[PDB]
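Student: Have a look at the structure that comes next, please.
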Protein chains: 6
Amino acid sequence: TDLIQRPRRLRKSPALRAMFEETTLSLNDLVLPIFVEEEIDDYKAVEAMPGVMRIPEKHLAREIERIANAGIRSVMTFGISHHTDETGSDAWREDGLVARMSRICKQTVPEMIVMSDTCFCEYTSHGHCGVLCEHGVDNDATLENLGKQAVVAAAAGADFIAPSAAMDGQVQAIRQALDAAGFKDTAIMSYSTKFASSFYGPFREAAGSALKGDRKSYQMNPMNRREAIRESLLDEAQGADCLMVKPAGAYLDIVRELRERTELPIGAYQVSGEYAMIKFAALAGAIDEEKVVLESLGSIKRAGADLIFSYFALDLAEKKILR
Amino acid sequence: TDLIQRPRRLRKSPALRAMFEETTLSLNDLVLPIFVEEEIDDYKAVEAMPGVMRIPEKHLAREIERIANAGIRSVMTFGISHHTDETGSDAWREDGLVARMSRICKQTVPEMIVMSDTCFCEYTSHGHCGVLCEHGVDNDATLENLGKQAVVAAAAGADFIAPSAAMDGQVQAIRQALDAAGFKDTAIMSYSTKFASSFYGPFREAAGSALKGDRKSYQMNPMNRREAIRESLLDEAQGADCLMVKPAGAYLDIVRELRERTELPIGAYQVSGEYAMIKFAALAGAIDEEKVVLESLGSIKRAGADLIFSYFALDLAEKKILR
Amino acid sequence: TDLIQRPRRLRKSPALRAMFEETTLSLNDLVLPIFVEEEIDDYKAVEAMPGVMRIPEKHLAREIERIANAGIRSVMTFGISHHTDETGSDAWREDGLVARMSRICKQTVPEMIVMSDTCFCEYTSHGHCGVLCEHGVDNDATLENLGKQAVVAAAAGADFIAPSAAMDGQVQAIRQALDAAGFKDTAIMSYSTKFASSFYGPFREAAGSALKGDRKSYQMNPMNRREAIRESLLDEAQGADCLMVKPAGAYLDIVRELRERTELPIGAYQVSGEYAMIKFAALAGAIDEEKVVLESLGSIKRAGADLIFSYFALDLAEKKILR
Amino acid sequence: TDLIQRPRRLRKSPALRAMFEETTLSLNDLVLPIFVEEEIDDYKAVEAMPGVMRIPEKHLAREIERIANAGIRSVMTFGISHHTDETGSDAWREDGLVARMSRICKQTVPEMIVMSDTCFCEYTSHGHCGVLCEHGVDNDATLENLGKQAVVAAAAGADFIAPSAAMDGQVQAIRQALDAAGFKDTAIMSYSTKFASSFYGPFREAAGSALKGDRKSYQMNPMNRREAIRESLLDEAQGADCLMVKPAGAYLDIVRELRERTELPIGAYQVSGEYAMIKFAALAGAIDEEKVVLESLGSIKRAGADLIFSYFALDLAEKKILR
Amino acid sequence: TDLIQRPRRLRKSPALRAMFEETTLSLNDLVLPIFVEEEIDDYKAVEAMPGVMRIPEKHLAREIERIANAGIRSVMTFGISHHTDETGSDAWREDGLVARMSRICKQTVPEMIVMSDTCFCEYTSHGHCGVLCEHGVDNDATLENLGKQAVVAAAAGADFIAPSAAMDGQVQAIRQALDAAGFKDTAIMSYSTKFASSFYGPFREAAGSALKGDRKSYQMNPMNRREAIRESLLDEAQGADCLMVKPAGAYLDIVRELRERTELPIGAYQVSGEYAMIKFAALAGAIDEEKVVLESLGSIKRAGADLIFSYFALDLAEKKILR
Amino acid sequence: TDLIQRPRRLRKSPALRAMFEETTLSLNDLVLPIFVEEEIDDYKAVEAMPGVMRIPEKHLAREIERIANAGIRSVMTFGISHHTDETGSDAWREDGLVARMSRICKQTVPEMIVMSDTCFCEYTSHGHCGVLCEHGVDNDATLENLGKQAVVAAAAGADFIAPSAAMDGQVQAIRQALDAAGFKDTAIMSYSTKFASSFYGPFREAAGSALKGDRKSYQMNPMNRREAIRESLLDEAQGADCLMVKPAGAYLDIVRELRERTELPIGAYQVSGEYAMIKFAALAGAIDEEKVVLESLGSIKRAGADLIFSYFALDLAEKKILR
Ligand SMILES: *[C@H](CCC(=O)O)CC[C@@H](*)CCC(=O)O
Ligand SMILES: *[C@H](CCC(=O)O)CC[C@@H](*)CCC(=O)O
Ligand SMILES: *[C@H](CCC(=O)O)CC[C@@H](*)CCC(=O)O
Ligand SMILES: *[C@H](CCC(=O)O)CC[C@H](*)CCC(=O)O
Ligand SMILES: *[C@H](CCC(=O)O)CC[C@H](*)CCC(=O)O
Ligand SMILES: *[C@H](CCC(=O)O)CC[C@H](*)CCC(=O)O
Ligand SMILES: [Mg+2]
Ligand SMILES: [Mg+2]
Ligand SMILES: [Mg+2]
Ligand SMILES: [Mg+2]
Ligand SMILES: [Mg+2]
Ligand SMILES: [Mg+2]
Ligand SMILES: [Zn+2]
Ligand SMILES: [Zn+2]
Ligand SMILES: [Zn+2]
Ligand SMILES: [Zn+2]
Ligand SMILES: [Zn+2]
Ligand SMILES: [Zn+2]
């Protein structure tokens with residue numbers, strides 16, 4: 001045949017493929033989500049997320065040291081509340097679970113970058129991400145509370161306040177609140193593009209969010225690509241230090257489009273449902289877990305993500321699979 | 001607070017979200033991959049693909065009628081061979097499994113759009129997609145054979161010849177051979193950007209591909225986004241009627257980038273590993289299968305895919321979930 | 001003051017800066033240029049390149065093993081000739097220095113990616129990169145000879161034929177000659193954009209190029225950015241597998257502009273003058289050598305280079321500074 | 001051979017190359033950095049920067065007249081302090097070294113465009129670019145001081161206040177301060193994109209900055225190209241009259257990307273380490289200093305810089321190498 | 001008022017404006033059009049072009065020496081014919097005026113870059129730029145003759161063959177004829193975008209073009225900007241070494257649009273009508289000639305022209321106004 | 001010859017050329033500049049602008065009726081002052097020449113769109129466009145006065161206030177001033193991109209501006225294309241209703257670049273020097289005035305101008321050359 005162009009020439013050997021690989025994945029690209037349950041004794045297994053367990057608050061010092069020894073540079077904290085109410089007020093109490101998870105992490109490992117999930121669905125009796133109303137989740141009532149929670153977590157040592165409530169103006173609210181309390185240097189990792197996904201079931205079981213309905217009046221429609229970009233750019237305008245796309249696995253088109261529309265770092269969340277789909281397919285012997293995990297995380301990097309939130313990070317770190 | 005812009009305004013009710021949904025998915029967007037096994041009597045369950053089964057050649061006429069009655073408009077045929085050899089020559093036999101699958105489908109439902117998968121990994125003793133040589137898979141020898149296969153599948157009635165061998169210049173070779181044989185109107189559905197993915201294990205089980213090594217010397221590197229675009233644009237230059245990204249699920253950044261680089265239709269293959277990942281977490285109770293399938297297929301459409309190859313297509317049709 | 005945007009927030013600690021670093025450099029990005037001198041016994045120090053030495057052909061098998069063991073994946077071969085003449089014909093001798101360098105490397109480390117520098121300035125009595133004529137360097141006569149050289153270097157095992165003669169149509173000539181001789185799978189690493197730079201003095205000393213005038217009638221003008229892009233895009237049109245910008249150091253605007261104009265891999269040559277500039281200020285105590293080398297190579301990667309030709313590569317490998 | 005396109009046609013002679021040269025370099029493109037040491041008698045040689053010497057304040061009138069007679073249109077002043085303290089308060093004293101270097105230059109040569117380096121690393125006991133804190137260099141404490149120093153240098157006659165502290169909001173601070181003191185016409189040359197480079201060693205020896213640690217908590221990461229663009233555009237937003245990339249030699253990709261993102265003039269700093277690398281390689285006889293200097297400065301122009309800060313400017317001017 | 005942005009800041013002095021000037025004009029940018037009349041003894045003044053005169057062929061050797069000594073690097077030759085006929089055949093006579101003008105210039109100043117105007121309007125009895133037929137000017141018959149003219153001007157030493165006949169495919173015809181005759185290195189300066197302008201009256205007077213009608217059936221419509229770009233891009237596709245916009249003065253939007261659509265060098269012809277307009281208002285005392293000429297030529301450079309054909313070039317050179 | 005593409009096909013006849021002409025010029029595209037001298041009796045001829053005469057204020061009613069009867073839709077007024085002082089205060093007197101020229105025009109012809117030139121160079125003793133200072137023309141002292149003049153001309157009936165002072169923030173100043181006085185509906189035609197051209201000599205003689213020096217500290221440098229765009233976009237930001245490029249003839253590249261950077265209407269001024277160059281070349285019989293005038297104005301339209309200020313408009317209108 002007559003072909004000047006033969007893409008296969010650079011695919012002949014492992015060495016050639018290595019030399020021409022366009023995207024790299026390292027441990028530094030990973031942020032590890034940790035679930036911490038207050039007022040409890042033993043680690044609790046999360047059924048829907050094989051390998052994942054609620055860390056007892058009294059064992060957090062031990063765990064964050066373990067995580068840090070594995071090479072993990074960062075964690076995103078999620079608390080399981082034993083003090084849920086109507087407005088999730090435990091979250092903004094100077095000594096509530098939110099403040100303490102941060103405090104225990106920063107005090108045990110000063111160099112650990114601690115990102116504090118910032119919401120109310122794990123602390124409200126109804127399970128919704130804010131103050132409920134005859135209306136639904138009240139946007140501006142919630143903004144006030146997010147700002148209050150932001151200040152106590154910032155005071156507790158959190159490096160990033162990561163608003164995941166999907167409230168309009170959330171970044172501005174929190175930016176205004178941190179600044180006024182003297183936390184002008186505390187960064188905001190905004191879950192800027194957060195879809196009303198059906199992939200969060202395993203996470204709600206693990207973080208114990210008591211929601212019976214859905215989050216469609218605040219988390220955005222999965223189908224809306226132009227809206228997804230607008231969501232994140234409104235947060236860049238508001239001062240966010242880092243932007244994010246969640247879920248990440250089935251939204252790589254969003255990640256890539258966003259990368260082309262901002263100079264800001266972009267995080268991407270490999271959600272619980274993705275973790276779950278890989279784990280159960282591997283358990284059924286249908287796929288090779290490690291190859292599938294590396295290809296998955298690699299694609300997220302390829303699409304333009306600077307940071308990836310992944311429940312596989314520790315195992316990848318300890319088993320020296322990523323360095 | 002004072003916010004003029006409130007994305008949440010159009011999220012208040014199901015009616016508002018329906019009005020403002022940017023992407024829609026119909027039954028028409030789906031192409032159904034079918035496994036046909038010659039010389040057998042009972043349908044065989046594919047263990048790695050819960051719900052999928054090999055159709056006995058003797059029952060193909062009944063199954064294609066069933067699919068057509070469900071409202072499925074197109075299928076992609078894959079055969080399980082009982083006559084494999086070194087070069088997979090049964091594939092270009094005027095009456096081999098490949099020609100017969102097309103013949104039966106088109107004779108049974110003349111309006112059925114039949115896409116014939118065009119390779120050899122299912123017909124070779126070594127399980128590689130072409131002629132093995134001291135070299136590895138010999139590109140040009142395989143081009144010769146792919147052309148011969150093309151003419152007999154077209155001769156049997158295939159509407160599209162779909163090369164999945166990942167050989168350079170495969171679209172040009174198939175186009176010349178078809179035109180020369182008087183099949184200038186037969187279309188080419190090129191598996192233009194086809195990654196050396198770790199997500200095809202379930203498929204190889206279902207199709208009986210006898211491969212011990214890998215396809216890394218022809219299928220392309222998962223990490224190479226620039227190369228991915230170049231792979232499809234080369235096929236556009238050689239005459240493909242339709243391009244394709246495979247896998248789809250973890251490659252929607254690629255689908256989006258390609259959509260913006262061509263005016264040609266783009267197919268996306270929701271591969272066996274993606275199907276198994278959904279099926280197995282649904283069976284373990286971790287996710288809602290239907291919600292996850294529709295969100296996954298919807299994402300593929302949102303990223304820019306015009307057609308989606310999906311194993312869930314017949315259930316979606318029969319359960320009237322998509323019309 | 002009141003600033004919402006504070007770039008300094010992600011600069012506070014080594015961990016934060018590591019997380020947000022946009023570019024990374026690995027050992028894999030580097031290609032090692034090697035000088036091999038036939039008919040000699042002792043390694044010769046190149047005075048202008050502190051630390052570099054000509055490898056005796058008799059010791060090449062030992063040095064290529066040493067480089068391969070350091071983890072270097074690829075080399076670019078340069079010979080010092082003891083059999084120079086008017087047309088540099090030893091370069092296309094089935095058993096000349098050029099063929100032998102490749103033969104030895106590939107025989108010794110089969111997995112070594114061997115790029116054979118393809119020119120004549122090291123084999124001609126006049127030191128010009130081709131056939132001298134009343135005219136100057138005769139483009140088309142040199143094209144003929146470059147093709148012949150290509151086939152014998154491919155015949156000896158070179159993985160890439162790297163034309164550095166700066167002759168028009170050199171990639172097309174080399175591609176036709178290779179294909180015709182049955183080397184359709186041999187790749188071309190074109191020195192596509194190669195400037196008539198004043199930074200090659202150390203290299204000419206090390207390679208023994210016997211040139212009294214300059215190369216301004218073939219190598220291109222350092223000031224011509226539009227022409228630079230056009231030079232590489234022409235080579236893309238002629239089939240090059242990889243393009244290149246040489247020198248790299250003072251031409252990262254060119255690397256960036258080319259990166260945005262092609263999907264092809266781009267190499268960048270950190271030339272001898274750049275190496276000498278770093279080596280000599282490091283020896284005078286003016287800078288920290290290691291910090292400067294890594295920042296320089298990192299910049300080349302940041303600008304868009306996929307591969308970097310660098311004389312510092314073996315020290316970087318052995319001192320485990322890059323992996 | 002058959003080539004319609006022959007790039008070499010316009011390279012045949014010096015006249016042709018001259019006619020088609022795309023980029024030009026003149027003396028007007030150069031700004032000369034001068035080091036002035038107070039309370040001293042003799043010129044002090046800078047070991048790390050051969051040819052460069054600290055000018056005794058009492059000899060500044062003589063030197064700026066010499067510089068101006070050579071054709072140099074502009075200088076950037078750097079003072080060596082004999083009055084260093086905790087906050088570098090000498091810099092904002094109406095008669096401190098900063099104010100006097102400007103005053104002596106503008107009064108001796110009224111047409112000389114004087115740019116005043118605006119920072120504190122040459123005036124602080126610790127050597128850091130601002131007010132130190134338990135925290136590190138205090139951003140907003142430093143902004144106040146930069147504004148105060150800006151007003152006295154502006155009052156002393158400086159044409160450009162050139163903030164090189166790498167503090168967020170620095171341009172706004174200084175713009176606000178000059179305006180309020182009635183210096184609304186005084187321009188700001190912002191070191192808008194200033195990297196935490198390893199190429200400043202020779203400069204710190206010459207300007208005597210007493211820093212033991214590093215500037216990584218304020219000067220930006222060398223590897224971050226998207227961040228580099230954002231840095232400069234934030235300064236355009238803040239009112240800067242001219243933008244700048246420093247270092248310039250190994251950041252030509254940054255210079256070019258920035259040129260494409262703003263209508264503003266862009267300066268580029270050929271730093272001390274670059275000056276040093278060229279001087280020591282030339283001293284070792286490895287390169288031709290003049291050819292290498294002109295090619296270096298030419299590339300900076302080629303990449304998009306309107307002005308170039310260069311320690312070679314005077315010699316280039318006196319030796320009538322550039323006009 | 002409160003304005004952060006004050007463009008006036010960099011306009012305060014001649015030194016500041018010199019520093020920030022974005023475009024420069026040198027003697028090197030200019031090409032001098034020369035009129036040579038065979039069989040005459042005295043230089044003839046062109047009334048419509050104050051200052052321009054026809055050079056007697058007998059004095060051409062003296063004038064080309066004069067131009068070369070002024071520092072002019074290139075000329076465009078135009079002959080006044082005493083041997084005109086129906087097809088302008090003296091133009092392709094091995095020893096006709098066209099060949100002789102080149103011969104004399106190149107023999108006298110070998111380094112002179114000689115561009116030979118390539119047409120027939122100066123050699124035909126009817127004054128049209130080619131072969132007249134029942135049809136009008138016959139495109140393909142004129143292509144034949146333009147090729148023959150090309151080879152004899154190249155044979156005489158012309159560095160560039162400049163077709164100004166406005167015939168379709170003229171660059172391809174001239175390129176084939178040159179290559180075939182062994183002139184593969186002769187360049188083509190195509191008058192690629194050449195408008196059917198009303199500004200050539202002075203030129204026709206000076207060149208003696210005997211035309212009674214117009215050139216509207218070959219030269220293009222002044223109003224057609226899309227067509228203008230298409231005209232030059234077609235010549236790029238046919239191999240031109242350099243493109244051109246003629247006239248220049250009232251077409252700088254075209255120059256700018258073309259600059260952004262090609263990487264090729266672009267010439268711009270400051271035509272006779274533009275020269276006469278400047279000369280006559282300068283003579284009537286309405287404008288300052290020198291200031292207007294430099295501003296006009298500067299504008300042409302600012303718009304993107306690499307070379308400018310200008311009748312003012314020798315005065316500019318001799319009066320040392322441009323170097 | 002073999003040419004699929006023949007641009008000449010659509011040039012064969014006047015009908016074809018007419019059908020495919022891309023740009024049109026009509027009378028509606030023209031605004032006519034008128035000079036009105038107060039306290040005088042007879043029309044005064046402008047020597048430098050043949051055909052142009054100062055209209056005696058007492059004859060303005062007659063002239064604007066004549067102009068309006070010719071089909072002219074608009075005029076730009078310029079007054080010749082008999083009451084010049086230090087600040088040009090006649091311009092903001094409720095009954096000064098500025099207010100009266102507008103009043104007489106709008107009252108005689110209510111439908112006439114009257115644009116009022118808004119500056120001080122025709123009313124200041126020194127001839128500069130504003131309040132002089134030890135500094136030069138005081139920007140903000142001038143802004144106050146421009147606002148005051150804007151209000152009286154707006155009150156006098158002017159439809160457009162056209163600031164031609166080249167003061168920073170001029171549009172904002174005037175927008176603020178008109179709004180506060182209740183002239184929120186009065187439009188601003190900003191001479192947004194106004195170069196320090198050498199083409200205004202004839203205009204200064206006609207409008208009698210007493211300037212001995214130059215306007216280079218406020219009108220912008222002719223060579224600065226990026227600055228030219230920034231000038232106009234700052235005015236769009238400030239609220240200008242229409243933008244403008246002056247001069248227009250030699251700045252068609254600017255006009256085209258601006259057209260691509262804004263949705264705003266763009267005016268272009270065919271200045272006095274252009275008018276003068278065409279008139280004197282025509283008088284000398286060197287060019288055809290009408291063909292040259294139509295081609296000139298046509299090019300300005302072609303480049304992107306919506307409106308053209310032209311001294312030829314009335315003659316073009318009366319002679320029914322444009323309709
Ligand atoms: C290409 C890849 C199959 C393989 O490599 O085995 C042709 C079939 C694509 C679908 C595979 C799947 O669904 O996993
Ligand atoms: C091209 C230029 C070499 C020369 O002109 O002598 C091939 C080698 C590139 C590397 C030269 C270096 O490292 O200086
Ligand atoms: C093309 C047009 C000449 C014509 O049509 O007479 C070749 C010469 C261009 C320069 C003409 C001028 O300077 O007016
Ligand atoms: C976003 C929404 C979670 C929810 O429960 O709605 C904040 C946490 C994201 C992680 C979800 C996951 O991993 O599935
Ligand atoms: C920027 C930072 C200098 C430093 O010492 O950190 C201000 C001066 C730039 C010149 C540095 C050089 O020339 O090396
Ligand atoms: C702009 C500047 C005129 C000046 O005299 O500086 C306002 C009027 C423009 C018309 C000038 C002309 O027609 O030459
Ligand atoms: Mg939001
Ligand atoms: Mg392919
Ligand atoms: Mg080339
Ligand atoms: Mg900054
Ligand atoms: Mg043409
Ligand atoms: Mg302005
Ligand atoms: Zn929540
Ligand atoms: Zn296959
Ligand atoms: Zn060479
Ligand atoms: Zn500093
Ligand atoms: Zn002609
Ligand atoms: Zn004025």
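All positions are counted from 1 along the displayed chain.
Yeah, the Cβs are placed from backbone N, Cα and C, and that goes for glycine too.
These came from Swiss-Prot, pasted as-is:
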type: ACT_SITE; residues: B:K194; note: active site, schiff-base intermediate with substrate
type: ACT_SITE; residues: B:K246; note: active site, schiff-base intermediate with substrate
type: BINDING; residues: B:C119, B:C121, B:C129; note: Zn(2+) binding site
type: BINDING; residues: B:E231; note: Mg(2+) binding site
type: BINDING; residues: B:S272, B:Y311; note: 5-aminolevulinate 2 binding site
Student: Taking ligand 14 as the reference and 6 angstroms as the Cβ limit (strictly under), which recorded positions among B:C119, B:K194, B:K246 are close?
Tutor: B:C119
Student: Which residues in the same chain, at least 6 apart in sequence, have a Cβ under 8 Å from the Cβ of B:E231 (Mg(2+) binding site)?
Tutor: B:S192, B:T193, B:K194, B:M220
Student: Show which residues of the chain containing B:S272 (5-aminolevulinate 2 binding site), separated from it by at least 6 in sequence, have their CB under 8 Å from its CB.
Tutor: B:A48, B:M49, B:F199, B:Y200, B:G201, B:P202, B:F203, B:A206, B:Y311
Student: Is B:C119 (Zn(2+) binding site) helix, strand or coil when read with DSSP?
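Tutor: It is coil.
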Student: I'd like the Cβ neighbour count for B:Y311 (5-aminolevulinate 2 binding site), meaning other Cβ atoms within 10 Å of its Cβ, all protein chains included.
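Tutor: There are 27 such Cβ atoms around B:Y311 (5-aminolevulinate 2 binding site).
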Student: For B:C121 (Zn(2+) binding site), what is the tally of other C-beta atoms lying within 10 angstroms of its C-beta?
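Tutor: There are 23 such Cβ atoms around B:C121 (Zn(2+) binding site).
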Student: Just the number: how many Å between the Cα atoms of B:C129 (Zn(2+) binding site) and B:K246 (active site, schiff-base intermediate with substrate)?
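Tutor: One finds 16 Å between the Cα atoms of these residues.
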Student: In terms of DSSP three-state secondary structure, what is the assignment for the residue listed as 'Mg(2+) binding site'?
Tutor: helix
Student: Given the Zn(2+) site residues B:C119, B:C121, B:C129, which other residues of that chain have a Cβ within 8 Å of the mean position of their Cβ atoms, reported in sequence order?
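Tutor: Near the Zn(2+) site, the remaining chain residues are B:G88, B:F120, B:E122, B:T124, B:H128, B:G130, B:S164, B:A165, B:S209.
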Student: Return the binding-site residues from the list B:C119, B:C121, B:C129, B:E231 for which some CB of chain A is under 8 Å from the residue's own CB; sequence order; 'none' if the set is empty.
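Tutor: Filtering B:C119, B:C121, B:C129, B:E231 for a Cβ under 8 Å from chain A leaves B:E231.
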Student: B:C119 (Zn(2+) binding site) has how many other Cβ neighbours within 10 Å of its own Cβ?
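Tutor: Neighbour count, Cβ to Cβ under the 10 Å cut-off: 28.
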Student: Can you see whether DSSP assigns B:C129 (Zn(2+) binding site) to helix, strand or coil?
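Tutor: Looking at the DSSP assignment, B:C129 (Zn(2+) binding site) belongs to neither helix nor strand, so coil.
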Student: Cβ distance under 8 Å to B:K246 (active site, schiff-base intermediate with substrate), same chain, sequence separation 6 or more: which residues?
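Tutor: Set apart from B:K246 (active site, schiff-base intermediate with substrate) by at least 6 residues yet with Cβ under 8 Å, we have B:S164, B:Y191, B:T193, B:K194, B:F195, B:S197, B:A268, B:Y269, B:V271, B:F309.
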Student: Inside 10 Å of the Cβ of B:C129 (Zn(2+) binding site), count up the other Cβ atoms and send me the figure.
Tutor: 27
Student: What is the total of other Cβ atoms whose distance to the Cβ of B:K194 (active site, schiff-base intermediate with substrate) is within 10 Å?
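Tutor: Around B:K194 (active site, schiff-base intermediate with substrate), other Cβ atoms within 10 Å: 24.
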Student: Per DSSP, B:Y311 (5-aminolevulinate 2 binding site) is which: helix, strand or coil?
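Tutor: For B:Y311 (5-aminolevulinate 2 binding site) - judged by DSSP and reduced to three states - the answer is coil.
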